[PDB]
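Notes follow the structure.
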Amino acid sequence: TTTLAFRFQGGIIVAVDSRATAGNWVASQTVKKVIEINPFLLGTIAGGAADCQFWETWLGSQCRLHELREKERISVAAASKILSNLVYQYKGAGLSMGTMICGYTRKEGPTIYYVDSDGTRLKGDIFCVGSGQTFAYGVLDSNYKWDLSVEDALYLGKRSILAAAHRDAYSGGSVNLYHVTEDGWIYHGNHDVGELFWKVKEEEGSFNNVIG
Amino acid sequence: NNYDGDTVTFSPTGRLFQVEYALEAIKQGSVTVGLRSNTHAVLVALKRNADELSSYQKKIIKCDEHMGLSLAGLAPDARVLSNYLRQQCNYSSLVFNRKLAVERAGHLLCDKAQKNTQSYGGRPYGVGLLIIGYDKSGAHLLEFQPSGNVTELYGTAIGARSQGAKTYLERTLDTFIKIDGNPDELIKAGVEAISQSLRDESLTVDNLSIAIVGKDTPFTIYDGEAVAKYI
Amino acid sequence: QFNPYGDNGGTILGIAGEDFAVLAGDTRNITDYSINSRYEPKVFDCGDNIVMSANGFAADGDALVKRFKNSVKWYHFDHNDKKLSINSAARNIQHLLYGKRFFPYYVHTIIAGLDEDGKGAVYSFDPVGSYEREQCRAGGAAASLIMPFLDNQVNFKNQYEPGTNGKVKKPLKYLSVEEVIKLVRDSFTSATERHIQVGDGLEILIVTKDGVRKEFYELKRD
Amino acid sequence: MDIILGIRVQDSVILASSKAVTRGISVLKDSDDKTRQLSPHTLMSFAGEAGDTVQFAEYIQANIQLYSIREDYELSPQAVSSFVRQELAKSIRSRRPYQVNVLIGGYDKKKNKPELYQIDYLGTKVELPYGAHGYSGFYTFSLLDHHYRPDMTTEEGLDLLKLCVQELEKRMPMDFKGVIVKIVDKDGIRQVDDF
Amino acid sequence: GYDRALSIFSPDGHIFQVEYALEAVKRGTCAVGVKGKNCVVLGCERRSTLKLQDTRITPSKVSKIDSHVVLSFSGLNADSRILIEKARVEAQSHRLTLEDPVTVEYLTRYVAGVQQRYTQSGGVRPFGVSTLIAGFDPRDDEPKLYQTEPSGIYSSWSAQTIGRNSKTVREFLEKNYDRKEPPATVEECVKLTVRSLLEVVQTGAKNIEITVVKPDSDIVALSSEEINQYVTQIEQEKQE
Amino acid sequence: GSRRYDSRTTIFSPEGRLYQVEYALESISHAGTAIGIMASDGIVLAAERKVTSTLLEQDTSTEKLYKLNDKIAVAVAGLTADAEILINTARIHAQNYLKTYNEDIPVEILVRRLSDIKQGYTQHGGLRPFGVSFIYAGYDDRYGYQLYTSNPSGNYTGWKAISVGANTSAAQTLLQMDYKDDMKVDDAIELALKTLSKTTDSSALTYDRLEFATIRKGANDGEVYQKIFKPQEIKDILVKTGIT
Amino acid sequence: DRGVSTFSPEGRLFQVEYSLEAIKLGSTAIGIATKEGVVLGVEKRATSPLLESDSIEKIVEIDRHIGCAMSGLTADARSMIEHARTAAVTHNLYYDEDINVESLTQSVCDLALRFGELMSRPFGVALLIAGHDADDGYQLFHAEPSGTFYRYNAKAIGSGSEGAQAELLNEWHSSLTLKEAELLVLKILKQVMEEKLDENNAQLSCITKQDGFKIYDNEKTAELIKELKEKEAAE
Amino acid sequence: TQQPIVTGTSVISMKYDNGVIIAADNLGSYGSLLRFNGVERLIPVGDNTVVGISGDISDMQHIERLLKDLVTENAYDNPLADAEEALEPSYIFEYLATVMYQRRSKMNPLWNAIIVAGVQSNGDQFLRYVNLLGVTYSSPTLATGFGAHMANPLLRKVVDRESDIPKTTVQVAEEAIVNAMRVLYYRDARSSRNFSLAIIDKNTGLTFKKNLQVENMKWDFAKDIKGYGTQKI
Ligand SMILES: *[C@@](C)(CO)[C@](*)(O)[C@H](Cc1ccccc1)NC(=O)[C@H](Cc1ccc(OC)cc1)NC(=O)[C@H](C)NC(=O)CN1CCOCC1
Ligand SMILES: [Mg+2]
């Protein structure tokens with residue numbers, strides 16, 4: 001995995017790759033690494049595939065029970081803390097989870113929370129998580145500004161995953177884009193690296209290390 | 001009188017009144033009939049409704065592919081006992097790769113109902129059951145009572161006015177026992193038997209409930225338009 | 001020290017069509033360098049038009065299938081004989097597998113059938129419950145041999161339209177049951193040639209709206 | 001989690017705590033606040049194993065706040081530190097101990113005196129004029145041995161603290177992304193925004 | 001463990017143990033809750049048969065559950081402590097997991113749930129206590145006032161009273177309290193609360209307690225002299 | 001089964017009262033009177049022994065007044081055996097608090113916890129309540145000198161001067177008459193004895209039928225001292241006030 | 001005294017029968033099922049005018065496709081609703097689908113008889129569980145403390161139940177629209193209620209396949225009350 | 001977590017036209033020490049099933065008791081205990097298989113390899129294997145330990161697939177088994193000459209043969225062999 005999400009002027013961008021690995025064996029190229037918890041909450045996932053898949057689906061159930069009981073959508077903070085408290089109970093047992101709970105609420109505004117399987121929980125504006133996080137950070141940080149447009153921000157998120165998909169051997173397949181606004185999350189399509197790479201190379205003039 | 005406070009108390013004449021009061025809940029329940037031949041076993045159950053706007057209370061429950069029962073009395077107690085039978089039938093399959101014998105099914109129900117009649121705090125089950133099945137020794141029909149007494153029969157009936165159907169079957173014994181290789185005729189005999197327990201009301205399409213198990217027939221329940229054939 | 005796991009070898013394969021789905025698996029069962037059985041089926045009809053196979057450690061595999069078969073049975077009892085949809089079965093299986101997260105079932109599980117729109121569906125699992133719907137999946141010992149062949153022939157990967165300067169991809173289309181069975185047979189014969197734990201026989205279970213049909217084919221016994 | 005310092009001066013207690021949160025070869029955050037307010041006049045900084053730190057800090061915070069509500073009274077820094085020590089002393093012989101080291105800086109309103117307590121994950125409590133956890137102490141203790149005076153003002157204490165941070169930024173291998181400084185005195189707890 | 005079903009149904013469909021718990025509430029000292037436009041006021045009676053008391057250390061009638069919520073009660077004093085303690089623990093637990101203080105509705109719902117549990121648990125009797133829970137939700141300026149009772153039912157009130165002679169003071173509040181226009185200021189709300197207690201209490205000396213709660217954790221208890229000024233003002237206007 | 005023989009100790013009457021608590025209070029009303037009086041510079045605890053016999057060993061005896069810690073003491077009214085169960089629990093609770101916080105337990109906290117234990121017996125468990133009423137006399141640095149009482153209901157209240165046990169009605173009237181806020185310990189000692197002397201069911205109040213104690217700051221500079229009076233010390237203080 | 005799980009000579013459980021009397025004292029709740037949806041309505045019954053009636057929560061959401069109305073000792077319903085909600089969400093977690101209305105009702109009814117000498121007494125509250133699923137469509141269930149549940153085309157529970165049920169008998173037909181059903185609940189509620197029916201002392205709700213379970217606002221219900229009065233005066 | 005102490009070696013078996021044959025030697029080894037020589041490792045259950053067990057003998061004796069107890073339990077409240085509701089080979093196997101897998105799942109296995117041979121009530125041949133791991137499989141020929149390596153190859157020449165079963169008589173099948181036992185005696189260092197053999201036929205029923213011996217052995221060629229290479233004398 002490589003997953004990122006960053007806050008900016010126009011809300012939150014969330015981008016993930018789609019590769020699953022079993023060592024050096026490529027297990028899948030078409031895996032969904034953004035779980036849609038509700039119309040206003042997204043959860044990225046990185047690490048152990050089953051742990052991530054199981055516990056984030058479980059998280060969605062706990063968030064549903066919250067709004068049934070409290071007649072109000074759960075806060076991003078409370079949602080992230082349900083998960084972090086859960087993994088903390090399993091600390092030492094060997095769970096592997098790198099999630100980023102991204103969403104919007106009235107009281108909080110656009111919010112991102114990094115949570116991982118050894119109990120760390122951090123609020124922040126920018127995060128990159130997974131085996132190829134460093135590759136994504138390199139492109140994202142060097143081009144990031146708060147005043148990015150929705151169009152430019154979407155592309156930067158896409159381009160950052162692409163960068164990591166290229167260099168990281170344990171990342172690739174395709175890019176799944178999302179945009180979180182005050183009105184909720186909006187899906188911005190699946191982008192296969194097979195076509196996206198050459199499209200970006202030609203149009204942008206980048207990736208000069210590769211034989212064109 | 002003074003000896004009916006709980007199930008742990010005997011009367012001076014040696015009676016268990018709480019068990020007898022549980023037996024009384026069955027007589028209040030709607031009539032249901034059981035009968036069998038050598039090839040098939042049939043359950044016929046008169047379902048009861050609260051009013052015209054309500055649905056008709058489901059009487060028949062499936063336990064396994066080869067076994068099931070009909071109830072009369074407290075329905076939740078039938079659900080508890082049927083669930084226990086489902087587990088016991090299932091235990092026999094998973095562990096021994098063996099379909100549970102209908103006779104053992106009865107023995108297990110007897111022993112479960114008994115424990116409730118000897119201990120303080122608990123209560124007897126308030127329901128009677130008619131278990132049918134087809135196993136390695138052919139077709140079977142059992143009658144369960146919450147006292148613990150289980151009885152294997154050619155035919156029987158329990159519930160309100162069940163004596164009418166039970167007398168008919170006692171007369172028809174020689175006829176319906178030899179209905180071999182003919183499901184529809186064995187059901188007809190069961191539908192005619194339950195009709196002897198009817199007063200004022202008659203058998204309608206959403207009132208009647210029939211179930212059958214046999215040699216090359218899994219336990220299946222018929223309701224709604226599927227029982228219109230037999231009216 | 002006692003080792004609770006073993007490797008019973010073999011390999012399995014699931015392919016989905018437009019109105020059908022197949023789940024194939026070889027009938028060989030092994031331990032180390034010995035053959036235990038030349039015909040030991042590991043692809044099972046589980047009811048509700050769902051076929052299942054859990055390849056890897058046979059004891060765990062049989063245990064899982066046995067539990068899922070039982071899960072289907074109790075689903076009928078508890079929900080008024082409702083048909084278990086393939087998507088619902090898949091989620092149920094995840095919980096069975098993840099239930100033993102810290103002492104796993106050493107199996108790669110594949111199920112096949114039809115979705116609620118009547119279209120062919122293949123779901124595949126890792127040992128601890130991770131799952132994903134696909135048109136195509138090979139599992140087991142020879143999965144590394146068969147899977148890339150399926151990417152090429154089922155999903156037309158790396159295939160472009162001739163004379164288009166590698167710009168237009170080969171268009172995706174459903175395969176006929178006849179064409180799918182050809183790919184299955186060739187996949188297993190190829191795997192039998194190069195993998196020692198694969199051979200003896202091939203058993204395919206085909207799933208259509210009409211029901212579950214079987215087909216058997218001989219494989220090399222060396 | 002790495003650098004947490006504490007300096008008790010004449011009329012206040014000053015806690016400095018590093019802002020970096022690192023995992024692997026990536027600094028995930030550079031603005032992290034490694035403290036919790038236990039009560040209006042008691043502040044606890046913390047450092048140690050990931051997850052354990054915040055989980056422990058918040059657990060203590062909850063307990064002290066519960067006490068405050070129940071008695072409508074603020075517990076003394078000495079009393080809070082004793083409670084914290086006992087919790088860590090229980091922890092060390094548990095199935096999975098809290099691997100957290102803490103500094104408790106507080107102002108005792110009854111004595112009108114600032115107090116600084118250093119407690120490690122074993123439950124080892126000591127009252128000090130200045131304290132530190134982790135590798136920081138190997139530089140700051142000797143530095144403070146030289147430059148510290150007991151009758152210093154808060155402003156003098158901050159300059160003394162700046163001297164520590166400068167030394168750590170010079171000689172420490174890791175980039176800890178500066179520190180968040182907080183002052184505890186008779187008027188309560190406040191944060192120095194420009195450091 | 002002691003298992004006996006103490007709370008059970010009777011032929012007429014009543015749970016007598018819950019109803020007898022209400023009688024204990026009816027015996028208890030009066031408590032009143034009145035909510036204004038920007039505040040809530042909790043008034044409480046203190047029986048004057050007890051002289052030589054030490055008012056410094058004697059448990060106060062109004063209890064803080066958190067910095068923004070308060071709980072007064074009528075009924076068995078010993079029982080009230082158990083509910084208050086549980087509520088205080090839950091308040092800190094909520095802050096710990098949700099990272100946000102409890103709403104008044106949530107805290108009330110929890111306390112009411114505890115009370116209910118004791119009406120169908122073996123070996124226990126119901127709480128002989130009814131509570132008035134008042135405060136302001138986090139980052140909210142709308143006043144909240146709730147009531148609970150032994151059975152477990154709870155509901156919101158513009159103004160409400162519980163305890164002995166509560167039916168008299170409820171009668172007073174029903175005509176004096178206007179829904180369309182509640183007490184605009186703190187003074188108006190406190191005066192109405194004291195007025196309502198003066199229908200029942202006896203004397204306005206050390207018999208009346210008043211606690212004013214305002215938004216953003218602004219809670220203060222009035223002293224004797226401060227309360228006595230309201231008593232002096234009301235009686236002078238009464239003589240007319 | 002056993003249901004037949006259950007007294008149901010933790011239920012409500014139709015009027016909304018706890019039968020067993022009410023009957024436990026009726027028991028306590030026959031117990032020897034115990035008086036507590038709180039002064040500005042100390043606290044007095046006085047208690048009347050239950051019909052003493054001449055062959056009772058008086059000097060090495062403890063019936064009414066018990067020490068919970070260095071700063072807190074209690075006067076008992078009711079079943080002594082019951083009180084000792086509660087006292088040992090209170091002694092332990094005080095030491096747990098000291099162990100935890102390295103500070104002596106505040107008086108109210110100790111009183112609340114002991115009262116919470118009594119409350120429990122009235123709401124659950126199916127056991128009889130403790131037939132005991134305490135007068136707590138103690139000191140801490142928050143509220144200073146404090147007097148509390150608790151009864152079988154588990155309800156506790158604070159007092160300036162209070163009596164428990166027998167003839168509390170008569171005793172409370174006399175205390176309410178002569179008590180004032182600027183009172184000293186030596187004056188409170190005299191009031192305590194005068195009150196017992198008039199409310200007693202005995203013919204005349206003597207040293208052998210009394211237990212007495214004070215909690216002063218009479219030690220050297222800013223520290224509290226507990227004085228459990230000896231037989232001879234009670235004899236002297238009884239003559240000094242002019243009762244015998 | 002006597003045992004909690006004791007049978008009467010007539011063959012009924014004393015405690016279950018006594019709990020049914022408690023339910024008769026409760027406020028009225030009516031449910032009507034149609035092909036266009038299921039409607040649920042209740043009598044709020046405020047004990048005093050100072051009580052803020054909008055805080056009276058006698059209609060409740062279990063899931064998006066299942067709603068619930070109650071009558072009797074309404075405090076007892078809290079744990080029943082909690083169980084139902086957990087059962088619904090848990091089934092969605094295990095099977096990636098909505099749970100059948102009947103299966104949900106059955107799960108709630110399994111709690112009913114888990115009492116004795118488990119909880120100390122039966123529930124003193126009856127529930128009307130309304131919902132929709134793909135198999136059996138729009139459904140209305142009546143869940144009692146006896147552990148029994150009946151499906152109904154229409155059903156009334158509470159103090160005015162026998163009078164309202166007789167009225168529902170005549171008025172209900174299989175071709176009722178949703179709008180017709182809404183008015184019919186309001187009509188029958190106004191007939192059996194002590195105080196005069198308005199938007200503050202009565203509440204409506206419905207469950208449709210498209211929009212799911214929705215509690216109506218006081219503004220929306222007020223218009224349906226005004227529409228109801230005009231239509232009755234029109235003939 | 002166990003280690004096997006007193007152990008039993010190969011159990012071999014095969015199907016033929018009317019039933020099944022199973023055999024196992026009478027040795028209880030204690031490592032390299034051939035400690036016990038009168039050990040019966042074939043245990044009949046009823047008149048239609050024979051369970052052959054290899055591996056740890058203490059655990060074998062535990063399993064004996066379980067089967068013995070299973071017959072007793074089946075007879076309880078069962079008028080058809082010697083007829084329609086008699087214990088089948090498939091019932092007996094599934095029971096053992098359930099136990100073996102449960103024990104491995106608790107990390108406390110029964111250190112055995114088991115072959116359940118028998119004939120079902122409908123005349124069908126039953127032959128299935130289960131071991132300490134709970135691994136199960138069926139085949140026309142089954143064998144444990146060294147038998148799997150040496151016996152199976154020989155038995156598969158007779159019955160190589162399903163269609164060869166009707167073509168194989170009891171005379172041919174038994175001869176193959178007896179030959180396999182000889183080969184195992186030549187080559188297995190933890191085997192003995194003495195063995196037991198059991199035939200379960202659908203017509204003639206259960207025939208249990210005790211105190212058999214490996215015979216017609218070729219040892220005469222040994223005298224010509226000298227040294228390891230160049231040695232002539
Ligand atoms: C990239 C590819 C890093 O490998 C991502 O983290 C990716 C995320 C992901 C999310 C949802 C669905 C699929 C994939 N993770 C993986 O692909 C993951 C890598 C991984 C393997 C093992 C681990 O040990 C705990 C941690 C991470 N791959 C898997 O989980 C694979 C598909 N499954 C297994 O390896 C099965 N193992 C898991 C551990 O338990 C025993 C069985
Ligand atoms: Mg080979």
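Chain identifiers are assigned as A, B, and so on, following the order in which chains appear in the structure tokens; residues are numbered from 1 within each chain, and ligands are numbered from 1 in order of appearance.
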
Exercise. Could you write out as a count of residues only the residues of chain D within 10 Å of chain E, counting only C-alpha atoms?
Worked result: 15

Exercise. When the cut-off is 10 Å and you count only C-alpha atoms and all ligand atoms, which residues lie near ligand 2, shown as a PyMOL selection string?
Worked result: chain C and resi 33-35+196-197+199+220-222

Exercise. Can I get the residues close to ligand 1 as a PyMOL selection string, where close means within 7 Å and we count only C-alpha atoms and all ligand atoms?
Worked result: (chain A and resi 1-2+19-22+27+31-33+45-50+52-53+94-96+130-131+170-171) or (chain C and resi 126-128+130)

Problem set entry | segment 204-206 of chain G surroundings by only C-alpha atoms, 12 Å radius, close-in-sequence under 6 positions cut, as a ChimeraX atom specification | /G:29-34,36-44,57-61,64-69,129-132,138-140,178-179,181-187,189,198,212-225

Write a file of the selected residues as a short mmCIF file (atom, residue, chain, number, x, y, z; two decimals), in the first residue's frame, keeping C-alpha atoms.
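File result.cif, as written:
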```cif
data_model
loop_
_atom_site.label_atom_id
_atom_site.label_comp_id
_atom_site.auth_asym_id
_atom_site.auth_seq_id
_atom_site.Cartn_x
_atom_site.Cartn_y
_atom_site.Cartn_z
CA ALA G 29 -50.53 3.40 19.48
CA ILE G 30 -51.87 2.56 16.01
CA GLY G 31 -50.22 1.00 12.95
CA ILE G 32 -51.61 0.49 9.43
CA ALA G 33 -49.94 -1.43 6.58
CA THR G 34 -50.48 -0.67 2.88
CA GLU G 36 -47.50 2.06 -0.62
CA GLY G 37 -46.05 1.89 2.93
CA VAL G 38 -46.67 1.28 6.64
CA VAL G 39 -47.89 4.10 8.90
CA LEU G 40 -47.27 4.31 12.66
CA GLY G 41 -49.01 6.80 14.98
CA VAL G 42 -49.13 7.31 18.75
CA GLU G 43 -50.82 9.27 21.53
CA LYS G 44 -48.17 11.26 23.42
CA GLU G 57 -40.26 9.64 22.28
CA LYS G 58 -42.83 6.85 21.75
CA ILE G 59 -41.97 6.29 18.08
CA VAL G 60 -38.46 4.99 17.45
CA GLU G 61 -36.10 4.03 14.60
CA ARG G 64 -33.51 2.63 8.02
CA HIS G 65 -36.08 0.03 6.89
CA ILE G 66 -37.66 -0.77 10.29
CA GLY G 67 -39.61 1.47 12.69
CA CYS G 68 -41.18 0.94 16.10
CA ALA G 69 -44.03 2.33 18.22
CA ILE G 129 -42.79 -3.15 14.71
CA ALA G 130 -43.28 -1.85 11.16
CA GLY G 131 -40.86 -2.28 8.26
CA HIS G 132 -40.10 -3.36 4.70
CA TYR G 138 -44.41 -3.97 3.78
CA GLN G 139 -45.13 -5.58 7.15
CA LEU G 140 -46.59 -4.70 10.55
CA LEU G 178 -50.50 5.97 2.06
CA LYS G 179 -52.32 9.32 2.29
CA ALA G 181 -53.78 5.47 5.83
CA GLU G 182 -52.22 8.59 7.40
CA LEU G 183 -55.65 10.22 7.79
CA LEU G 184 -57.15 6.95 9.08
CA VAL G 185 -54.64 6.79 11.95
CA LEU G 186 -55.35 10.45 12.82
CA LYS G 187 -59.11 9.85 12.58
CA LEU G 189 -56.59 8.45 17.33
CA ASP G 198 -53.44 18.23 17.68
CA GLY G 212 -37.03 4.54 4.59
CA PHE G 213 -38.34 5.19 8.10
CA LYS G 214 -39.35 8.80 8.81
CA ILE G 215 -40.93 10.48 11.85
CA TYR G 216 -43.18 13.33 10.65
CA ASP G 217 -42.61 16.92 11.78
CA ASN G 218 -45.26 18.78 13.78
CA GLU G 219 -45.75 21.09 10.77
CA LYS G 220 -46.44 18.17 8.40
CA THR G 221 -48.79 16.39 10.83
CA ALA G 222 -50.71 19.64 11.47
CA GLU G 223 -51.63 19.90 7.78
CA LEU G 224 -52.82 16.27 7.75
CA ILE G 225 -54.98 17.07 10.81
#
```

For this session: Show me which bits of chain G are within 7 Å of chain B, counting only C-alpha atoms, as a ChimeraX atom specification.
Result: /G:2-3,5-12,117,147-148,150-154,169

For this session: Taking the chain letters and numbering used in this document, name the residues of segment 14-192 of chain E that DSSP puts in strand (DSSP E or B), as a ChimeraX atom specification.
Result: /E:15,31-35,40-45,53,63-64,69-75,124,129-135,144-148,154-157,159-162

Exercise. Distance atom CA of residue 223 of chain F-atom CA of residue 141 of chain F, one decimal place?
Worked result: 10.3 Å

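Any residue of chain G with an atom no more than 12 Å from chain A counts as a contact; using only C-alpha atoms, that gives residues 57, 60, 61, 62, 63, 64, 66, 67, 78, 79, 81, 82, 83, 84, 85, 86, 87, 88, 89, 90, 91, 92, 93, 94, 95, 96, 213 and 215 of chain G.
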
Exercise. If we count only C-alpha atoms, what is near segment 150-156 of chain E at a cut-off of 7 Å, once residues fewer than 3 positions away on the same chain are taken out, given as a PyMOL selection string?
Worked result: (chain E and resi 18+21-22+112-113+115-116+119+126-130+145-147) or (chain G and resi 51-52+55-56+74-75)

For this session: Just need the residues of chain E within 7 Å of chain F, counting only C-alpha atoms, so spit them out as a PyMOL selection string.
Result: chain E and resi 2+17+20-21+23-24+52-54+57-59+77-78+123-125

For the selection just defined, write its residues with C-alpha atoms to a file, as an mmCIF file, in the first residue's frame.
```
data_model
loop_
_atom_site.group_PDB
_atom_site.id
_atom_site.type_symbol
_atom_site.label_atom_id
_atom_site.label_comp_id
_atom_site.auth_asym_id
_atom_site.auth_seq_id
_atom_site.Cartn_x
_atom_site.Cartn_y
_atom_site.Cartn_z
ATOM 1 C CA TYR E 2 -29.536 -12.927 46.176
ATOM 2 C CA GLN E 17 -42.347 -1.647 44.511
ATOM 3 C CA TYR E 20 -43.959 2.590 46.709
ATOM 4 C CA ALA E 21 -40.635 4.095 45.591
ATOM 5 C CA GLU E 23 -44.143 7.430 47.812
ATOM 6 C CA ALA E 24 -40.598 7.783 49.173
ATOM 7 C CA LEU E 52 -27.505 22.820 65.378
ATOM 8 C CA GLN E 53 -26.547 21.683 61.847
ATOM 9 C CA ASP E 54 -23.181 22.455 60.257
ATOM 10 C CA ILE E 57 -19.979 20.247 55.661
ATOM 11 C CA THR E 58 -23.562 18.949 55.319
ATOM 12 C CA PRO E 59 -24.083 17.442 51.826
ATOM 13 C CA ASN E 77 -30.731 10.748 50.326
ATOM 14 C CA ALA E 78 -28.557 7.617 50.509
ATOM 15 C CA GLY E 123 -32.283 -9.061 44.293
ATOM 16 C CA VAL E 124 -32.616 -5.258 44.146
ATOM 17 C CA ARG E 125 -35.314 -2.689 44.961
#
```

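For the atom pair formed by atom CA of residue 190 of chain E and atom CA of residue 222 of chain E, the distance is 10.1 Å, given to one decimal.
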
For this session: Could you tell me which of H:80, H:127, H:60, H:143 comes closest to residue 184 of chain H if we count only C-alpha atoms?
Result: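 Checking each candidate against residue 184 of chain H, we get H:143 as the closest.
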
Restrict the calculation to only C-alpha atoms, then for each residue of chain F with any atom at most 10 Å from an atom of chain D give the closest atom pair and their distance in Å to one decimal, rows by chain and rising residue number, as a tab-separated table.
```
residue	atom	partner	partner_atom	distance
F:97	CA	D:83	CA	9.7
F:98	CA	D:79	CA	9.6
F:99	CA	D:82	CA	8.5
F:100	CA	D:83	CA	5.5
F:101	CA	D:79	CA	4.6
F:102	CA	D:79	CA	6.3
F:103	CA	D:79	CA	6.9
F:106	CA	D:71	CA	9.9
F:108	CA	D:71	CA	9.1
F:109	CA	D:71	CA	8.2
F:141	CA	D:110	CA	9.7
F:142	CA	D:73	CA	9.3
```

For this session: Could you please select, counting only C-alpha atoms, the residues of chain C within 12 Å of chain A and state them as JSON, numbers by chain?
Result: {"C": [91, 92, 93, 94, 95, 96, 97, 98, 99, 100, 101, 102, 103, 104, 108, 124, 125, 126, 127, 128, 129, 130, 131, 132, 133, 134, 135, 136, 137, 138, 139, 143, 144, 145, 147, 148, 151, 157, 158, 166, 167, 168, 169]}

Exercise. Between atom CA of residue 99 of chain E and atom CA of residue 78 of chain A, what is the spacing in Å?
Worked result: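 So the answer is 6.4 Å.
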
Problem set entry | Residue list for chain H near chain C as a ChimeraX atom specification, 12 Å, only C-alpha atoms | /H:1-4,97-98,100-111,127-153,156,160-162

For this session: Please run DSSP on the backbone and report, as a PyMOL selection string, all residues within segment 92-209 of chain B that come out as helix (DSSP H, G or I).
Result: chain B and resi 92-96+102-118+162-176+183-197
